[PDB]
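J.: File protein20.pdb below, PDB, C-alpha atoms and all ligand atoms:
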MODEL        1
ATOM      1  CA  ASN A   6     -13.037 -17.025  -3.551
ATOM      2  CA  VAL A   7      -9.855 -18.805  -4.679
ATOM      3  CA  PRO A   8      -9.675 -18.708  -8.492
ATOM      4  CA  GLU A   9      -9.316 -22.050 -10.300
ATOM      5  CA  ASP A  10      -6.640 -20.701 -12.646
ATOM      6  CA  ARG A  11      -4.047 -18.594 -10.861
ATOM      7  CA  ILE A  12      -0.443 -17.390 -10.936
ATOM      8  CA  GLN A  13       1.931 -17.215  -7.987
ATOM      9  CA  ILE A  14       3.290 -13.660  -7.824
ATOM     10  CA  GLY A  15       5.206 -13.930  -4.560
ATOM     11  CA  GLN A  16       5.592 -15.279  -1.030
ATOM     12  CA  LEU A  17       5.267 -13.734   2.404
ATOM     13  CA  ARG A  18       8.529 -14.288   4.268
ATOM     14  CA  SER A  19       9.610 -13.491   7.863
ATOM     15  CA  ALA A  20       7.672 -11.222  10.206
ATOM     16  CA  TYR A  21       8.953  -7.632  10.214
ATOM     17  CA  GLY A  22       8.712  -5.456  13.284
ATOM     18  CA  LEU A  23       5.943  -5.535  15.875
ATOM     19  CA  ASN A  24       3.172  -3.865  13.853
ATOM     20  CA  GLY A  25       2.222  -6.845  11.707
ATOM     21  CA  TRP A  26       4.442  -6.083   8.711
ATOM     22  CA  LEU A  27       6.120  -8.942   6.792
ATOM     23  CA  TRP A  28       9.073  -9.369   4.461
ATOM     24  CA  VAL A  29       7.816 -10.430   1.033
ATOM     25  CA  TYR A  30       9.402 -12.087  -2.009
ATOM     26  CA  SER A  31       8.222 -10.867  -5.417
ATOM     27  CA  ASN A  32       8.092 -12.741  -8.713
ATOM     28  CA  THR A  33       7.553  -9.523 -10.673
ATOM     29  CA  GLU A  34      10.136  -7.142 -12.120
ATOM     30  CA  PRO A  35      10.313  -4.416 -11.012
ATOM     31  CA  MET A  36       9.573  -6.273  -7.758
ATOM     32  CA  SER A  37       7.127  -3.692  -6.412
ATOM     33  CA  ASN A  38       4.769  -4.392  -9.320
ATOM     34  CA  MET A  39       3.345  -7.119  -7.100
ATOM     35  CA  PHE A  40       1.692  -4.340  -5.074
ATOM     36  CA  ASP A  41      -0.497  -3.248  -8.001
ATOM     37  CA  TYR A  42      -2.651  -6.350  -7.758
ATOM     38  CA  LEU A  43      -5.750  -6.188  -5.566
ATOM     39  CA  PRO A  44      -6.626  -8.478  -3.840
ATOM     40  CA  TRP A  45      -4.148 -11.217  -2.940
ATOM     41  CA  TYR A  46      -4.987 -14.865  -2.363
ATOM     42  CA  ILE A  47      -2.594 -16.306   0.193
ATOM     43  CA  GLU A  48      -2.552 -19.959   1.227
ATOM     44  CA  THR A  49      -2.068 -20.014   5.002
ATOM     45  CA  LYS A  50      -1.762 -22.804   7.549
ATOM     46  CA  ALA A  51      -5.437 -22.220   8.296
ATOM     47  CA  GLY A  52      -6.762 -22.313   4.752
ATOM     48  CA  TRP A  53      -7.011 -19.701   2.037
ATOM     49  CA  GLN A  54      -7.437 -16.011   2.873
ATOM     50  CA  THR A  55      -8.040 -12.975   0.701
ATOM     51  CA  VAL A  56      -5.900  -9.967   1.594
ATOM     52  CA  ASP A  57      -5.545  -6.324   0.581
ATOM     53  CA  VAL A  58      -2.213  -4.516   0.674
ATOM     54  CA  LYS A  59      -2.344  -1.291   2.703
ATOM     55  CA  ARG A  60       1.246  -0.131   2.365
ATOM     56  CA  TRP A  61       4.768  -1.302   1.589
ATOM     57  CA  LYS A  62       8.332  -0.140   1.311
ATOM     58  CA  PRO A  63      11.698  -1.385   0.186
ATOM     59  CA  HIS A  64      13.987  -2.214   3.086
ATOM     60  CA  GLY A  65      17.642  -2.699   2.345
ATOM     61  CA  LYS A  66      17.823  -5.933   0.418
ATOM     62  CA  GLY A  67      14.144  -6.481  -0.373
ATOM     63  CA  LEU A  68      10.595  -5.522   0.523
ATOM     64  CA  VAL A  69       8.328  -5.377   3.561
ATOM     65  CA  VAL A  70       4.560  -5.165   3.345
ATOM     66  CA  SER A  71       1.575  -4.094   5.441
ATOM     67  CA  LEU A  72      -1.646  -6.057   4.996
ATOM     68  CA  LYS A  73      -5.023  -4.630   5.914
ATOM     69  CA  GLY A  74      -6.161  -6.318   9.132
ATOM     70  CA  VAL A  75      -2.714  -7.589  10.146
ATOM     71  CA  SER A  76      -1.413  -5.237  12.814
ATOM     72  CA  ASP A  77       0.620  -7.245  15.306
ATOM     73  CA  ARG A  78       3.553  -9.638  15.554
ATOM     74  CA  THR A  79       1.346 -12.695  16.074
ATOM     75  CA  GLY A  80      -0.756 -11.868  13.034
ATOM     76  CA  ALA A  81       2.380 -11.782  10.902
ATOM     77  CA  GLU A  82       3.942 -14.996  12.226
ATOM     78  CA  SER A  83       0.820 -16.959  11.306
ATOM     79  CA  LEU A  84       1.207 -15.907   7.682
ATOM     80  CA  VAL A  85       4.955 -16.376   7.449
ATOM     81  CA  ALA A  86       5.955 -18.328   4.337
ATOM     82  CA  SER A  87       2.528 -18.448   2.724
ATOM     83  CA  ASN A  88       2.333 -18.145  -1.057
ATOM     84  CA  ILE A  89       0.653 -15.228  -2.817
ATOM     85  CA  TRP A  90      -1.533 -15.733  -5.872
ATOM     86  CA  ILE A  91      -3.672 -13.747  -8.265
ATOM     87  CA  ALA A  92      -6.326 -14.828 -10.751
ATOM     88  CA  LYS A  93      -5.088 -15.756 -14.211
ATOM     89  CA  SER A  94      -7.142 -12.889 -15.636
ATOM     90  CA  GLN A  95      -6.347 -10.313 -12.938
ATOM     91  CA  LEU A  96      -4.989  -7.088 -14.351
ATOM     92  CA  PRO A  97      -2.905  -4.811 -12.111
ATOM     93  CA  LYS A  98      -4.715  -1.725 -10.851
ATOM     94  CA  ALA A  99      -2.524   0.906  -9.200
ATOM     95  CA  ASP A 100      -4.784   3.332  -7.360
ATOM     96  CA  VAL A 101      -2.950   6.343  -8.798
ATOM     97  CA  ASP A 102      -4.214   5.346 -12.223
ATOM     98  CA  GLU A 103      -7.731   4.580 -10.982
ATOM     99  CA  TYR A 104      -8.500   7.766  -9.027
ATOM    100  CA  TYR A 105      -8.935  11.458  -9.781
ATOM    101  CA  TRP A 106      -9.290  14.540  -7.638
ATOM    102  CA  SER A 107     -13.100  14.534  -7.702
ATOM    103  CA  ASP A 108     -12.999  11.077  -6.083
ATOM    104  CA  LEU A 109     -10.490  12.123  -3.436
ATOM    105  CA  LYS A 110     -11.994  15.382  -2.095
ATOM    106  CA  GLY A 111     -11.657  15.483   1.671
ATOM    107  CA  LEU A 112      -9.531  12.382   2.297
ATOM    108  CA  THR A 113      -6.996  12.123   5.145
ATOM    109  CA  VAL A 114      -3.415  11.541   4.063
ATOM    110  CA  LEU A 115      -1.493   9.092   6.273
ATOM    111  CA  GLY A 116       2.259   9.145   6.051
ATOM    112  CA  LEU A 117       4.845   7.000   7.797
ATOM    113  CA  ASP A 118       7.709   8.194  10.003
ATOM    114  CA  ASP A 119      11.096   6.469  10.089
ATOM    115  CA  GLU A 120       9.929   4.228  12.934
ATOM    116  CA  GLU A 121       7.064   2.927  10.788
ATOM    117  CA  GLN A 122       4.397   4.757  12.822
ATOM    118  CA  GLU A 123       1.421   6.234  10.963
ATOM    119  CA  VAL A 124       1.304  10.030  10.954
ATOM    120  CA  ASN A 125      -1.648  12.236   9.990
ATOM    121  CA  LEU A 126      -0.040  14.465   7.362
ATOM    122  CA  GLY A 127      -3.271  16.311   6.726
ATOM    123  CA  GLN A 128      -5.987  16.409   4.095
ATOM    124  CA  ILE A 129      -5.796  16.270   0.302
ATOM    125  CA  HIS A 130      -6.488  19.804  -0.891
ATOM    126  CA  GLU A 131      -5.580  19.659  -4.567
ATOM    127  CA  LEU A 132      -4.334  17.223  -7.224
ATOM    128  CA  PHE A 133      -2.931  18.890 -10.337
ATOM    129  CA  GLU A 134      -0.814  18.154 -13.397
ATOM    130  CA  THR A 135       2.567  19.879 -13.874
ATOM    131  CA  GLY A 136       2.971  18.572 -17.398
ATOM    132  CA  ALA A 137       5.542  15.911 -16.578
ATOM    133  CA  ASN A 138       3.820  14.560 -13.470
ATOM    134  CA  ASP A 139       0.855  14.909 -11.157
ATOM    135  CA  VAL A 140       1.248  16.448  -7.729
ATOM    136  CA  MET A 141      -0.948  16.040  -4.685
ATOM    137  CA  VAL A 142      -1.285  19.021  -2.365
ATOM    138  CA  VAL A 143      -1.824  18.267   1.302
ATOM    139  CA  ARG A 144      -2.904  20.869   3.825
ATOM    140  CA  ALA A 145      -2.808  20.721   7.583
ATOM    141  CA  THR A 146      -5.941  20.219   9.646
ATOM    142  CA  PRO A 147      -6.764  20.337  13.376
ATOM    143  CA  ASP A 148      -6.056  16.579  13.339
ATOM    144  CA  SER A 149      -2.818  16.956  11.375
ATOM    145  CA  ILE A 150       0.635  16.491  12.924
ATOM    146  CA  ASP A 151       1.718  20.044  12.037
ATOM    147  CA  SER A 152       0.831  23.193  10.064
ATOM    148  CA  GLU A 153       2.816  22.714   6.852
ATOM    149  CA  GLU A 154       1.460  22.340   3.334
ATOM    150  CA  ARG A 155       3.100  19.423   1.541
ATOM    151  CA  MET A 156       3.626  18.690  -2.131
ATOM    152  CA  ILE A 157       3.553  14.897  -2.532
ATOM    153  CA  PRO A 158       4.179  13.260  -5.921
ATOM    154  CA  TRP A 159       1.202  11.380  -7.340
ATOM    155  CA  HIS A 160       3.338   8.333  -8.243
ATOM    156  CA  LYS A 161       2.414   4.726  -7.401
ATOM    157  CA  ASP A 162       5.511   4.200  -5.264
ATOM    158  CA  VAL A 163       4.460   7.025  -2.900
ATOM    159  CA  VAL A 164       0.662   7.051  -2.879
ATOM    160  CA  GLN A 165       0.130   3.310  -2.541
ATOM    161  CA  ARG A 166      -3.498   2.876  -1.459
ATOM    162  CA  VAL A 167      -6.674   4.888  -1.740
ATOM    163  CA  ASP A 168      -9.337   3.603   0.642
ATOM    164  CA  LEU A 169     -12.559   5.558   0.156
ATOM    165  CA  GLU A 170     -14.273   3.323   2.707
ATOM    166  CA  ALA A 171     -11.987   4.558   5.463
ATOM    167  CA  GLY A 172     -11.605   7.991   3.883
ATOM    168  CA  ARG A 173      -7.824   7.643   3.879
ATOM    169  CA  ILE A 174      -4.880   7.649   1.488
ATOM    170  CA  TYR A 175      -1.773   5.747   2.553
ATOM    171  CA  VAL A 176       1.505   7.255   1.344
ATOM    172  CA  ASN A 177       5.103   6.174   1.887
ATOM    173  CA  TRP A 178       6.014   9.711   2.863
ATOM    174  CA  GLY A 179       7.539  11.025   6.097
ATOM    175  CA  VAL A 180       7.322  14.115   8.297
ATOM    176  CA  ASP A 181      10.629  15.876   7.579
TER     177      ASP A 181
HETATM  178  K     K B   1      -2.298  20.377  12.744
ENDMDL
END
Mind turning the file's structure into structure tokens?
Ligand SMILES: [K+]
T.:
Amino acid sequence: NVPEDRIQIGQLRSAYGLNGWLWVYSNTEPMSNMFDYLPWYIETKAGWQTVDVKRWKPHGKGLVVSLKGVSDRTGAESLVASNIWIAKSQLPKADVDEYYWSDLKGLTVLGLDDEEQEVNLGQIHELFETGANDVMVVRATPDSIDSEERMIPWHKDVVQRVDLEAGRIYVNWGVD
């Protein structure tokens, strides 16, 4: 539960869209570093709640975030303006740094179109090193949106969440 010693790393602002997203203010720099902490302890009007980030993206001025379990407008409005904390001894853990191909075999890659709708890009087929960076190879499947093979950079700003439980990888990557 709520850690005794904690640091405020941000604040959920206004509701964004109709799919439960929310604008969020970060106390970290670069701002998106707030997304490397898992989980989040937010103080809502109905007590404390622990929350996991599923995906996020910069939008014009600032940032908008998608929290696991918050999928509608009403779910976002009831969190609006709540503060975000982390334990004093909580180290950031970006999933890109914590996972390797062997752990990812057979996961579905979920991208995001311009209209913030989740698209089944396909399945992770390979994850190699080029020398300068790591690249994730995604191949189409019968479930997939199309038949293309996509090269997606294995960088924390693109591949944001690995969820072995759901067998999915959430990436801020579009169709075209
Ligand atoms: K397909």
J.: At most 12 Å is the cut-off: for each residue in chain A with any atom that close to an atom of ligand K 1 (chain B), write down the nearest atom pair and the distance in Å rounded to one decimal, counting all atoms listed in the file, chain first then increasing number, as a Markdown table.
T.:
| residue | atom | partner | partner_atom | distance |
| --- | --- | --- | --- | --- |
| A:124 | CA | B:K1 | K | 11.1 |
| A:125 | CA | B:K1 | K | 8.6 |
| A:126 | CA | B:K1 | K | 8.3 |
| A:127 | CA | B:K1 | K | 7.3 |
| A:128 | CA | B:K1 | K | 10.2 |
| A:143 | CA | B:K1 | K | 11.6 |
| A:144 | CA | B:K1 | K | 9.0 |
| A:145 | CA | B:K1 | K | 5.2 |
| A:146 | CA | B:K1 | K | 4.8 |
| A:147 | CA | B:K1 | K | 4.5 |
| A:148 | CA | B:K1 | K | 5.4 |
| A:149 | CA | B:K1 | K | 3.7 |
| A:150 | CA | B:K1 | K | 4.9 |
| A:151 | CA | B:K1 | K | 4.1 |
| A:152 | CA | B:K1 | K | 5.0 |
| A:153 | CA | B:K1 | K | 8.1 |
| A:154 | CA | B:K1 | K | 10.3 |
J.: Determine the residue membership of the PyMOL selection byres (((chain A and resi 172-178) around 10) and not hetatm) for the file above and supply it as a tab-separated table (two decimals) with C-alpha atoms, keeping the file's coordinate frame.
T.:
chain	number	residue	atom	x	y	z
A	59	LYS	CA	-2.34	-1.29	2.70
A	60	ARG	CA	1.25	-0.13	2.37
A	61	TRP	CA	4.77	-1.30	1.59
A	62	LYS	CA	8.33	-0.14	1.31
A	100	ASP	CA	-4.78	3.33	-7.36
A	109	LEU	CA	-10.49	12.12	-3.44
A	110	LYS	CA	-11.99	15.38	-2.10
A	111	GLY	CA	-11.66	15.48	1.67
A	112	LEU	CA	-9.53	12.38	2.30
A	113	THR	CA	-7.00	12.12	5.14
A	114	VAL	CA	-3.42	11.54	4.06
A	115	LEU	CA	-1.49	9.09	6.27
A	116	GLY	CA	2.26	9.14	6.05
A	117	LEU	CA	4.84	7.00	7.80
A	118	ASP	CA	7.71	8.19	10.00
A	119	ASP	CA	11.10	6.47	10.09
A	121	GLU	CA	7.06	2.93	10.79
A	123	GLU	CA	1.42	6.23	10.96
A	124	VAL	CA	1.30	10.03	10.95
A	125	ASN	CA	-1.65	12.24	9.99
A	126	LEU	CA	-0.04	14.46	7.36
A	128	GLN	CA	-5.99	16.41	4.10
A	129	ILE	CA	-5.80	16.27	0.30
A	157	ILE	CA	3.55	14.90	-2.53
A	158	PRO	CA	4.18	13.26	-5.92
A	159	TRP	CA	1.20	11.38	-7.34
A	160	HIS	CA	3.34	8.33	-8.24
A	161	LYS	CA	2.41	4.73	-7.40
A	162	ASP	CA	5.51	4.20	-5.26
A	163	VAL	CA	4.46	7.02	-2.90
A	164	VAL	CA	0.66	7.05	-2.88
A	165	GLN	CA	0.13	3.31	-2.54
A	166	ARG	CA	-3.50	2.88	-1.46
A	167	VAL	CA	-6.67	4.89	-1.74
A	168	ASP	CA	-9.34	3.60	0.64
A	169	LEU	CA	-12.56	5.56	0.16
A	170	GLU	CA	-14.27	3.32	2.71
A	171	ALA	CA	-11.99	4.56	5.46
A	179	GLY	CA	7.54	11.02	6.10
A	180	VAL	CA	7.32	14.12	8.30
A	181	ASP	CA	10.63	15.88	7.58
J.: Considering all atoms listed in the file, return as a PyMOL selection string whatever protein or nucleic-acid residues lie within 12 Å of residue 95 in chain A, sequence-local ones (same chain, fewer than 4 positions apart) excluded.
T.: chain A and resi 8+10-14+39+41-46+90-91
J.: Write out, as a CSV table (one decimal), keeping the file's coordinate frame, the residues just selected, with C-alpha atoms.
T.:
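Heads up, here's the output in selection_12.csv:
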chain,number,residue,atom,x,y,z
A,8,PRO,CA,-9.7,-18.7,-8.5
A,10,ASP,CA,-6.6,-20.7,-12.6
A,11,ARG,CA,-4.0,-18.6,-10.9
A,12,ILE,CA,-0.4,-17.4,-10.9
A,13,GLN,CA,1.9,-17.2,-8.0
A,14,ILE,CA,3.3,-13.7,-7.8
A,39,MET,CA,3.3,-7.1,-7.1
A,41,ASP,CA,-0.5,-3.2,-8.0
A,42,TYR,CA,-2.7,-6.4,-7.8
A,43,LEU,CA,-5.8,-6.2,-5.6
A,44,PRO,CA,-6.6,-8.5,-3.8
A,45,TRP,CA,-4.1,-11.2,-2.9
A,46,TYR,CA,-5.0,-14.9,-2.4
A,90,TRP,CA,-1.5,-15.7,-5.9
A,91,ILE,CA,-3.7,-13.7,-8.3
J.: Using the chain letters and numbers from the file, which residues does the PyMOL selection byres (((chain A and resi 51) around 12) and not hetatm) grab, as a count of residues only?
T.: 11
J.: Compute the distance from (-4.6, 18.3, -4.7) to each atom, counting all atoms listed in the file, keep the residues with any atom at most 8 Å away, and return them as an MDAnalysis selection string; use the coordinates of the file.
T.: chainID A and resid 106 129:133 140:143
J.: Could you tell me how far CA of residue 23 in chain A sits from CA of residue 77 in chain A, in Å to one decimal place?
T.: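 Going from CA of residue 77 in chain A over to CA of residue 23 in chain A covers 5.6 Å.
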J.: Using only C-alpha atoms, which residue out of A:108, A:103, A:34, A:82 lies closest to residue 21 in chain A?
T.: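 The answer is A:82, which sits nearest to residue 21 in chain A.
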J.: Name the residues that the PyMOL selection byres (((chain A and resi 30) around 6) and not hetatm) pulls out of this structure, and write them as an NGL selection string.
T.: :A and (15-16 or 29 or 31)
J.: How far is it from CA of residue 17 in chain A to CA of residue 69 in chain A, in Å with one decimal?
T.: 9.0 Å
